[PDB]
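Colleague: If it helps, the file is called target.txt and holds compact mmCIF, N, CA and C atoms:
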```txt
# COMPACT_ATOMS: atom_id res chain seq x y z
N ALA F 307 -76.12 135.99 -3.84
CA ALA F 307 -75.96 136.23 -2.39
C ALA F 307 -74.63 136.93 -2.13
N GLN F 308 -74.37 137.31 -0.87
CA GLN F 308 -73.10 137.96 -0.47
C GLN F 308 -71.97 137.02 -0.86
N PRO F 309 -70.76 137.56 -1.10
CA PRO F 309 -69.62 136.73 -1.46
C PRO F 309 -69.33 135.70 -0.36
N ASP F 310 -69.67 136.02 0.90
CA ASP F 310 -69.56 135.08 2.05
C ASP F 310 -70.48 133.88 1.82
N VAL F 311 -71.70 134.13 1.34
CA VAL F 311 -72.72 133.07 1.13
C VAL F 311 -72.39 132.37 -0.18
N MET F 312 -71.83 133.09 -1.16
CA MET F 312 -71.45 132.53 -2.48
C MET F 312 -70.46 131.39 -2.25
N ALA F 313 -69.47 131.61 -1.39
CA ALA F 313 -68.44 130.60 -1.04
C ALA F 313 -69.08 129.47 -0.23
N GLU F 314 -70.09 129.77 0.59
CA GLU F 314 -70.81 128.75 1.40
C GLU F 314 -71.71 127.92 0.47
N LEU F 315 -72.41 128.57 -0.45
CA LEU F 315 -73.30 127.90 -1.44
C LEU F 315 -72.42 127.06 -2.36
N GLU F 316 -71.19 127.51 -2.60
CA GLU F 316 -70.23 126.85 -3.52
C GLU F 316 -69.80 125.50 -2.93
N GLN F 317 -69.75 125.35 -1.60
CA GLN F 317 -69.41 124.06 -0.96
C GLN F 317 -70.65 123.16 -0.95
N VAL F 318 -71.81 123.77 -0.70
CA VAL F 318 -73.10 123.04 -0.63
C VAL F 318 -73.30 122.37 -1.99
N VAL F 319 -73.11 123.16 -3.03
CA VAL F 319 -73.32 122.74 -4.44
C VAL F 319 -72.34 121.61 -4.74
N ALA F 320 -71.07 121.79 -4.40
CA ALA F 320 -70.00 120.83 -4.73
C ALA F 320 -70.31 119.50 -4.05
N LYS F 321 -70.86 119.53 -2.84
CA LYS F 321 -71.19 118.28 -2.11
C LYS F 321 -72.43 117.64 -2.74
N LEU F 322 -73.34 118.49 -3.20
CA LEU F 322 -74.72 118.13 -3.57
C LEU F 322 -74.74 117.66 -5.02
N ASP F 323 -73.65 117.94 -5.74
CA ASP F 323 -73.50 117.62 -7.18
C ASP F 323 -72.56 116.42 -7.33
N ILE F 324 -72.31 115.69 -6.25
CA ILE F 324 -71.44 114.48 -6.29
C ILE F 324 -72.03 113.44 -7.25
N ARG F 325 -71.17 112.81 -8.05
CA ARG F 325 -71.58 111.74 -9.00
C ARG F 325 -72.34 110.66 -8.22
N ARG F 326 -73.67 110.65 -8.36
CA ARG F 326 -74.55 109.65 -7.70
C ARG F 326 -74.26 108.28 -8.29
N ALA F 327 -73.96 107.31 -7.43
CA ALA F 327 -73.58 105.95 -7.84
C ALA F 327 -74.80 105.20 -8.39
N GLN F 328 -74.52 104.23 -9.26
CA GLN F 328 -75.53 103.42 -9.96
C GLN F 328 -75.58 102.02 -9.35
N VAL F 329 -76.75 101.40 -9.39
CA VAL F 329 -76.96 100.06 -8.80
C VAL F 329 -77.61 99.15 -9.83
N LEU F 330 -76.98 98.01 -10.11
CA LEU F 330 -77.60 96.93 -10.90
C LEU F 330 -78.32 95.99 -9.94
N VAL F 331 -79.64 95.88 -10.07
CA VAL F 331 -80.46 95.07 -9.14
C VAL F 331 -81.05 93.90 -9.92
N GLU F 332 -80.55 92.69 -9.68
CA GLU F 332 -81.18 91.45 -10.22
C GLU F 332 -82.10 90.87 -9.15
N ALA F 333 -83.36 90.65 -9.51
CA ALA F 333 -84.29 89.84 -8.70
C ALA F 333 -84.37 88.46 -9.33
N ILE F 334 -84.60 87.46 -8.50
CA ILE F 334 -84.75 86.07 -8.99
C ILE F 334 -86.02 85.52 -8.36
N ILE F 335 -87.03 85.30 -9.17
CA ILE F 335 -88.32 84.72 -8.72
C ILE F 335 -88.37 83.29 -9.23
N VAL F 336 -88.29 82.34 -8.32
CA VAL F 336 -88.36 80.91 -8.68
C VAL F 336 -89.59 80.35 -8.01
N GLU F 337 -90.46 79.74 -8.80
CA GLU F 337 -91.63 79.03 -8.27
C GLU F 337 -91.64 77.62 -8.85
N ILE F 338 -92.10 76.67 -8.05
CA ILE F 338 -92.25 75.27 -8.49
C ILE F 338 -93.55 74.72 -7.93
N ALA F 339 -94.32 74.04 -8.78
CA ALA F 339 -95.71 73.61 -8.53
C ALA F 339 -95.94 72.23 -9.14
N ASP F 340 -96.82 71.45 -8.52
CA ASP F 340 -97.22 70.09 -8.96
C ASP F 340 -98.28 69.60 -7.98
N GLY F 341 -98.72 68.36 -8.15
CA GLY F 341 -99.59 67.70 -7.17
C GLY F 341 -100.24 66.51 -7.83
N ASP F 342 -100.79 65.60 -7.04
CA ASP F 342 -101.36 64.36 -7.60
C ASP F 342 -102.79 64.16 -7.07
N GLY F 343 -103.73 64.27 -8.00
CA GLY F 343 -105.09 63.73 -7.88
C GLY F 343 -105.09 62.25 -8.20
N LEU F 344 -106.06 61.55 -7.63
CA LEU F 344 -106.25 60.09 -7.75
C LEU F 344 -107.75 59.92 -7.61
N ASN F 345 -108.46 59.40 -8.59
CA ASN F 345 -109.86 58.98 -8.32
C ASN F 345 -110.05 57.56 -8.82
N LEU F 346 -110.13 56.64 -7.86
CA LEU F 346 -110.44 55.23 -8.14
C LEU F 346 -111.60 54.81 -7.23
N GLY F 347 -112.54 54.10 -7.83
CA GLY F 347 -113.89 53.84 -7.29
C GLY F 347 -114.53 52.70 -8.04
N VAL F 348 -115.23 51.83 -7.33
CA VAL F 348 -115.73 50.59 -7.96
C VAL F 348 -117.22 50.49 -7.64
N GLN F 349 -118.03 50.28 -8.67
CA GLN F 349 -119.50 50.22 -8.54
C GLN F 349 -119.96 48.84 -9.03
N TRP F 350 -120.82 48.18 -8.27
CA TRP F 350 -121.38 46.85 -8.59
C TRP F 350 -122.89 46.98 -8.65
N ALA F 351 -123.52 46.69 -9.79
CA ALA F 351 -124.99 46.75 -9.91
C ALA F 351 -125.53 45.36 -10.27
N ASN F 352 -126.49 44.85 -9.49
CA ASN F 352 -127.07 43.51 -9.71
C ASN F 352 -128.59 43.63 -9.80
N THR F 353 -129.17 43.14 -10.87
CA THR F 353 -130.63 43.26 -11.08
C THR F 353 -131.33 42.62 -9.87
N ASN F 354 -130.90 41.42 -9.46
CA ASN F 354 -131.61 40.61 -8.44
C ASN F 354 -131.41 41.20 -7.04
N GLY F 355 -130.17 41.57 -6.71
CA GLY F 355 -129.70 41.82 -5.33
C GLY F 355 -129.67 43.30 -4.96
N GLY F 356 -129.10 44.16 -5.81
CA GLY F 356 -128.96 45.61 -5.55
C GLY F 356 -127.76 46.21 -6.26
N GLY F 357 -127.71 47.55 -6.31
CA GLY F 357 -126.66 48.34 -7.00
C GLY F 357 -126.04 49.37 -6.07
N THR F 358 -124.79 49.77 -6.32
CA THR F 358 -124.01 50.75 -5.50
C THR F 358 -123.47 51.84 -6.43
N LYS J 464 -104.13 106.95 -27.06
CA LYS J 464 -102.88 106.56 -26.39
C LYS J 464 -101.84 106.20 -27.44
N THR J 465 -100.64 106.77 -27.37
CA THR J 465 -99.52 106.46 -28.30
C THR J 465 -98.81 105.20 -27.80
N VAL J 466 -99.07 104.06 -28.45
CA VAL J 466 -98.42 102.76 -28.14
C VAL J 466 -97.65 102.32 -29.39
N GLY J 467 -96.34 102.19 -29.25
CA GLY J 467 -95.42 101.75 -30.30
C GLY J 467 -94.03 101.71 -29.72
N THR J 468 -92.99 101.77 -30.52
CA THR J 468 -91.64 101.97 -29.96
C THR J 468 -91.55 103.44 -29.52
N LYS J 469 -91.51 103.68 -28.21
CA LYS J 469 -91.37 105.04 -27.66
C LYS J 469 -90.07 105.13 -26.90
N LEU J 470 -89.42 106.23 -27.11
CA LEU J 470 -88.32 106.66 -26.26
C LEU J 470 -88.69 108.06 -25.85
N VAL J 471 -88.84 108.28 -24.56
CA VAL J 471 -88.93 109.67 -24.06
C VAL J 471 -87.69 109.90 -23.24
N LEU J 472 -86.88 110.84 -23.63
CA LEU J 472 -85.61 110.95 -22.90
C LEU J 472 -85.30 112.42 -22.72
N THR J 473 -84.90 112.78 -21.50
CA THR J 473 -84.34 114.10 -21.15
C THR J 473 -82.92 113.87 -20.68
N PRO J 474 -81.92 113.88 -21.58
CA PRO J 474 -80.52 113.89 -21.18
C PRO J 474 -80.03 115.13 -20.42
N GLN J 475 -79.00 114.93 -19.61
CA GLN J 475 -78.35 115.97 -18.77
C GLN J 475 -76.85 115.66 -18.75
N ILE J 476 -75.99 116.64 -19.05
CA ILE J 476 -74.56 116.34 -19.34
C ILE J 476 -73.67 116.73 -18.16
N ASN J 477 -72.88 115.76 -17.68
CA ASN J 477 -71.70 116.00 -16.80
C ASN J 477 -70.70 116.82 -17.63
N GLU J 478 -70.25 117.97 -17.12
CA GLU J 478 -69.28 118.89 -17.77
C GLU J 478 -68.39 118.16 -18.77
N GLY J 479 -67.86 116.98 -18.40
CA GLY J 479 -66.79 116.24 -19.12
C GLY J 479 -67.26 115.15 -20.09
N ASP J 480 -67.86 114.06 -19.60
CA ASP J 480 -68.15 112.86 -20.43
C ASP J 480 -69.56 112.34 -20.19
N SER J 481 -69.83 111.94 -18.96
CA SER J 481 -70.88 110.95 -18.64
C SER J 481 -72.27 111.59 -18.59
N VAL J 482 -73.19 111.00 -19.35
CA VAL J 482 -74.58 111.51 -19.50
C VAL J 482 -75.48 110.92 -18.42
N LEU J 483 -76.22 111.76 -17.70
CA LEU J 483 -77.41 111.36 -16.90
C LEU J 483 -78.60 111.30 -17.86
N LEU J 484 -79.19 110.13 -18.03
CA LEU J 484 -80.32 109.91 -18.95
C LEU J 484 -81.56 109.59 -18.14
N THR J 485 -82.57 110.44 -18.16
CA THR J 485 -83.88 110.09 -17.58
C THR J 485 -84.69 109.45 -18.69
N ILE J 486 -84.89 108.14 -18.59
CA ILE J 486 -85.55 107.34 -19.66
C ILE J 486 -86.92 106.92 -19.16
N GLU J 487 -87.92 107.12 -20.00
CA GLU J 487 -89.22 106.43 -19.89
C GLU J 487 -89.47 105.81 -21.26
N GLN J 488 -89.32 104.50 -21.39
CA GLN J 488 -89.52 103.85 -22.70
C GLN J 488 -90.31 102.56 -22.54
N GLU J 489 -90.83 102.09 -23.66
CA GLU J 489 -91.54 100.82 -23.68
C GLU J 489 -91.71 100.39 -25.13
N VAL J 490 -91.87 99.10 -25.32
CA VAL J 490 -92.31 98.54 -26.62
C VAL J 490 -93.66 97.90 -26.35
N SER J 491 -94.71 98.53 -26.83
CA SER J 491 -96.08 98.12 -26.49
C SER J 491 -96.91 97.95 -27.76
N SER J 492 -97.99 97.20 -27.65
CA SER J 492 -98.75 96.76 -28.84
C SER J 492 -100.17 96.45 -28.42
N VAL J 493 -101.09 96.57 -29.36
CA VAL J 493 -102.53 96.29 -29.13
C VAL J 493 -102.81 94.84 -29.54
N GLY J 494 -101.96 93.89 -29.13
CA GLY J 494 -102.04 92.49 -29.60
C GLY J 494 -102.25 92.42 -31.11
N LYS J 495 -103.47 92.08 -31.56
CA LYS J 495 -103.86 91.95 -33.00
C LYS J 495 -104.98 92.95 -33.33
N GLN J 496 -104.80 93.77 -34.38
CA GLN J 496 -105.78 94.79 -34.86
C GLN J 496 -107.09 94.13 -35.33
N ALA J 497 -107.22 92.80 -35.22
CA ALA J 497 -108.43 92.03 -35.60
C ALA J 497 -108.83 91.04 -34.49
N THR J 498 -108.27 91.23 -33.28
CA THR J 498 -108.48 90.38 -32.07
C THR J 498 -109.08 91.22 -30.94
N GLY J 499 -109.97 90.61 -30.15
CA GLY J 499 -110.63 91.25 -28.99
C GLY J 499 -109.84 91.07 -27.70
N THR J 500 -110.54 91.23 -26.58
CA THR J 500 -110.01 91.17 -25.20
C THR J 500 -111.06 90.43 -24.33
N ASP J 501 -110.69 89.87 -23.16
CA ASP J 501 -111.68 89.33 -22.18
C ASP J 501 -112.33 90.49 -21.41
N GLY J 502 -111.68 91.65 -21.41
CA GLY J 502 -112.20 92.91 -20.85
C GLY J 502 -113.04 93.70 -21.84
N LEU J 503 -112.78 95.01 -21.97
CA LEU J 503 -113.76 95.95 -22.56
C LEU J 503 -113.10 96.86 -23.60
N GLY J 504 -111.96 97.47 -23.30
CA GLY J 504 -111.18 98.27 -24.27
C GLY J 504 -110.08 97.44 -24.93
N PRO J 505 -109.16 98.09 -25.67
CA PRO J 505 -107.97 97.41 -26.18
C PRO J 505 -106.97 97.10 -25.06
N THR J 506 -106.14 96.07 -25.21
CA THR J 506 -105.05 95.75 -24.25
C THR J 506 -103.69 95.98 -24.89
N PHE J 507 -102.63 96.05 -24.09
CA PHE J 507 -101.30 96.37 -24.63
C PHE J 507 -100.24 95.45 -24.07
N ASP J 508 -99.42 94.86 -24.95
CA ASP J 508 -98.16 94.20 -24.54
C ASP J 508 -97.06 95.26 -24.53
N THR J 509 -96.56 95.54 -23.35
CA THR J 509 -95.58 96.63 -23.15
C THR J 509 -94.32 96.04 -22.56
N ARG J 510 -93.20 96.60 -22.98
CA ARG J 510 -91.92 96.41 -22.28
C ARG J 510 -91.37 97.79 -22.00
N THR J 511 -91.31 98.10 -20.73
CA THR J 511 -91.15 99.47 -20.28
C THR J 511 -89.95 99.51 -19.38
N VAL J 512 -89.34 100.65 -19.31
CA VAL J 512 -88.32 100.84 -18.28
C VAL J 512 -88.22 102.34 -18.17
N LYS J 513 -88.54 102.87 -17.00
CA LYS J 513 -88.35 104.30 -16.71
C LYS J 513 -87.38 104.39 -15.56
N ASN J 514 -86.23 104.98 -15.83
CA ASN J 514 -85.17 105.14 -14.83
C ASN J 514 -84.29 106.30 -15.23
N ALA J 515 -83.58 106.82 -14.26
CA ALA J 515 -82.39 107.63 -14.56
C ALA J 515 -81.19 106.71 -14.42
N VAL J 516 -80.30 106.83 -15.38
CA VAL J 516 -79.01 106.10 -15.46
C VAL J 516 -77.95 107.14 -15.76
```
Could I get this file's structure written as structure tokens?
Modeller:
Amino acid sequence: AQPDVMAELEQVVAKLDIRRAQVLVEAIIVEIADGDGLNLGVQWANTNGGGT
Amino acid sequence: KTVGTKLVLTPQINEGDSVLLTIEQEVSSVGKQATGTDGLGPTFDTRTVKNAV
């Protein structure tokens, strides 16, 4: 380009070529799970009387 | 599919010292060459990271 644009492109480039900063990203996924089933049940069977 | 230790890297040099590295890498495997899958084709254990640093 014209020397006028060369000097303008030269500032654009200098700004645009800046050392891009780096990022360390730690994620922390914590899950906790449990639970209590209970099955208690009583059956009575009688020949004479009846069964449950 | 090429599954093994892969490094695909296109380095780019700062005039002076510090390298911009575009990395796509992984350590991947077809489990066992004598083991199947619950699916249909082969499966892969991969450890991958594709980033520029």
Colleague: I want to know what sits within 9 Å of range 318-330 of chain F, based on only C-alpha atoms, with residues of the same chain fewer than 5 positions away left out; could you give that as a ChimeraX atom specification?
Modeller: /F:313 /J:477,516
Colleague: Separation of atom C of residue 481 in chain J and atom C of residue 513 in chain J, in Å?
Modeller: 17.0 Å
Colleague: I'd like the neighbourhood of residue 511 in chain J as a ChimeraX atom specification, where a residue qualifies if any of its atoms comes within 6 Å (using all atoms listed in the file), though same-chain residues fewer than 4 positions away should be ignored.
Modeller: /J:488-490
Colleague: With N, CA and C atoms retained, write the just-selected residues as a short mmCIF file (atom, residue, chain, number, x, y, z; two decimals), in the frame of the given file.
Modeller:
```cif
data_model
loop_
_atom_site.label_atom_id
_atom_site.label_comp_id
_atom_site.auth_asym_id
_atom_site.auth_seq_id
_atom_site.Cartn_x
_atom_site.Cartn_y
_atom_site.Cartn_z
N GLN J 488 -89.32 104.50 -21.39
CA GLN J 488 -89.52 103.85 -22.70
C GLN J 488 -90.31 102.56 -22.54
N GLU J 489 -90.83 102.09 -23.66
CA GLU J 489 -91.54 100.82 -23.68
C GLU J 489 -91.71 100.39 -25.13
N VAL J 490 -91.87 99.10 -25.32
CA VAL J 490 -92.31 98.54 -26.62
C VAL J 490 -93.66 97.90 -26.35
#
```
Colleague: Write out as a list in words the set of residues from chain J that DSSP, computed on the backbone, places in strand (DSSP E).
Modeller: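 Taking chain J and keeping strand (DSSP E) gives residues 468, 469, 470, 471, 472, 473, 474, 475, 476, 482, 483, 484, 485, 486, 487, 488, 489, 490, 511, 512, 513, 514 and 515 of chain J.
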Colleague: Write the residues of the preceding selection, restricted to N, CA and C atoms, as a short mmCIF file (atom, residue, chain, number, x, y, z; two decimals), keeping the file's coordinate frame.
Modeller:
```cif
data_model
loop_
_atom_site.label_atom_id
_atom_site.label_comp_id
_atom_site.auth_asym_id
_atom_site.auth_seq_id
_atom_site.Cartn_x
_atom_site.Cartn_y
_atom_site.Cartn_z
N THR J 468 -92.99 101.77 -30.52
CA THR J 468 -91.64 101.97 -29.96
C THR J 468 -91.55 103.44 -29.52
N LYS J 469 -91.51 103.68 -28.21
CA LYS J 469 -91.37 105.04 -27.66
C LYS J 469 -90.07 105.13 -26.90
N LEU J 470 -89.42 106.23 -27.11
CA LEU J 470 -88.32 106.66 -26.26
C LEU J 470 -88.69 108.06 -25.85
N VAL J 471 -88.84 108.28 -24.56
CA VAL J 471 -88.93 109.67 -24.06
C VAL J 471 -87.69 109.90 -23.24
N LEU J 472 -86.88 110.84 -23.63
CA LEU J 472 -85.61 110.95 -22.90
C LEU J 472 -85.30 112.42 -22.72
N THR J 473 -84.90 112.78 -21.50
CA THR J 473 -84.34 114.10 -21.15
C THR J 473 -82.92 113.87 -20.68
N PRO J 474 -81.92 113.88 -21.58
CA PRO J 474 -80.52 113.89 -21.18
C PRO J 474 -80.03 115.13 -20.42
N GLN J 475 -79.00 114.93 -19.61
CA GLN J 475 -78.35 115.97 -18.77
C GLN J 475 -76.85 115.66 -18.75
N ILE J 476 -75.99 116.64 -19.05
CA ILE J 476 -74.56 116.34 -19.34
C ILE J 476 -73.67 116.73 -18.16
N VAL J 482 -73.19 111.00 -19.35
CA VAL J 482 -74.58 111.51 -19.50
C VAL J 482 -75.48 110.92 -18.42
N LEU J 483 -76.22 111.76 -17.70
CA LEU J 483 -77.41 111.36 -16.90
C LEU J 483 -78.60 111.30 -17.86
N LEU J 484 -79.19 110.13 -18.03
CA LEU J 484 -80.32 109.91 -18.95
C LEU J 484 -81.56 109.59 -18.14
N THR J 485 -82.57 110.44 -18.16
CA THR J 485 -83.88 110.09 -17.58
C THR J 485 -84.69 109.45 -18.69
N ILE J 486 -84.89 108.14 -18.59
CA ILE J 486 -85.55 107.34 -19.66
C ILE J 486 -86.92 106.92 -19.16
N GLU J 487 -87.92 107.12 -20.00
CA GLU J 487 -89.22 106.43 -19.89
C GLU J 487 -89.47 105.81 -21.26
N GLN J 488 -89.32 104.50 -21.39
CA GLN J 488 -89.52 103.85 -22.70
C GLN J 488 -90.31 102.56 -22.54
N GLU J 489 -90.83 102.09 -23.66
CA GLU J 489 -91.54 100.82 -23.68
C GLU J 489 -91.71 100.39 -25.13
N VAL J 490 -91.87 99.10 -25.32
CA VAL J 490 -92.31 98.54 -26.62
C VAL J 490 -93.66 97.90 -26.35
N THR J 511 -91.31 98.10 -20.73
CA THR J 511 -91.15 99.47 -20.28
C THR J 511 -89.95 99.51 -19.38
N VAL J 512 -89.34 100.65 -19.31
CA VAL J 512 -88.32 100.84 -18.28
C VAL J 512 -88.22 102.34 -18.17
N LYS J 513 -88.54 102.87 -17.00
CA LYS J 513 -88.35 104.30 -16.71
C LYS J 513 -87.38 104.39 -15.56
N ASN J 514 -86.23 104.98 -15.83
CA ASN J 514 -85.17 105.14 -14.83
C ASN J 514 -84.29 106.30 -15.23
N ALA J 515 -83.58 106.82 -14.26
CA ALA J 515 -82.39 107.63 -14.56
C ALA J 515 -81.19 106.71 -14.42
#
```
Colleague: What separation in Å, quoted to one decimal, exists between CA of residue 506 in chain J and CA of residue 470 in chain J?
Modeller: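 It comes out at 20.1 Å.
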Colleague: Take CA of residue 483 in chain J and CA of residue 471 in chain J and report the distance between them in Å, one decimal.
Modeller: 13.7 Å
Colleague: As a PDB file with N, CA and C atoms, in the coordinates of the input, please: the residues near residue 514 in chain J (cut-off 8 Å, only C-alpha atoms, same-chain neighbours under 3 positions excluded).
Modeller:
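So the final result, stored in selection-v2.pdb, reads:
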```pdb
ATOM      1  N   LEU J 484     -79.190 110.130 -18.030  1.00  0.00           N
ATOM      2  CA  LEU J 484     -80.320 109.910 -18.950  1.00  0.00           C
ATOM      3  C   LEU J 484     -81.560 109.590 -18.140  1.00  0.00           C
ATOM      4  N   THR J 485     -82.570 110.440 -18.160  1.00  0.00           N
ATOM      5  CA  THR J 485     -83.880 110.090 -17.580  1.00  0.00           C
ATOM      6  C   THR J 485     -84.690 109.450 -18.690  1.00  0.00           C
ATOM      7  N   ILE J 486     -84.890 108.140 -18.590  1.00  0.00           N
ATOM      8  CA  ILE J 486     -85.550 107.340 -19.660  1.00  0.00           C
ATOM      9  C   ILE J 486     -86.920 106.920 -19.160  1.00  0.00           C
ATOM     10  N   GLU J 487     -87.920 107.120 -20.000  1.00  0.00           N
ATOM     11  CA  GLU J 487     -89.220 106.430 -19.890  1.00  0.00           C
ATOM     12  C   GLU J 487     -89.470 105.810 -21.260  1.00  0.00           C
TER      13      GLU J 487
END
```
Colleague: Closest to residue 507 in chain J among J:465, J:492, J:482, J:475, using all atoms listed in the file?
Modeller: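 Closest to residue 507 in chain J, using all atoms listed in the file: J:492.
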Colleague: Please put the answer as lines of an AutoDock Vina configuration file: centre and edge lengths, in Å with one decimal, of a box along x, y and z that encloses all listed atoms of range 478-495 of chain J plus 3 Å on each side.
Modeller:
```
center_x = -85.9
center_y = 105.4
center_z = -25.1
size_x = 44.2
size_y = 32.9
size_z = 22.4
```
Colleague: Identify, with DSSP run on backbone atoms, the residues in chain F assigned to helix (DSSP H, G or I), and express the list as a PyMOL selection string.
Modeller: chain F and resi 309-322
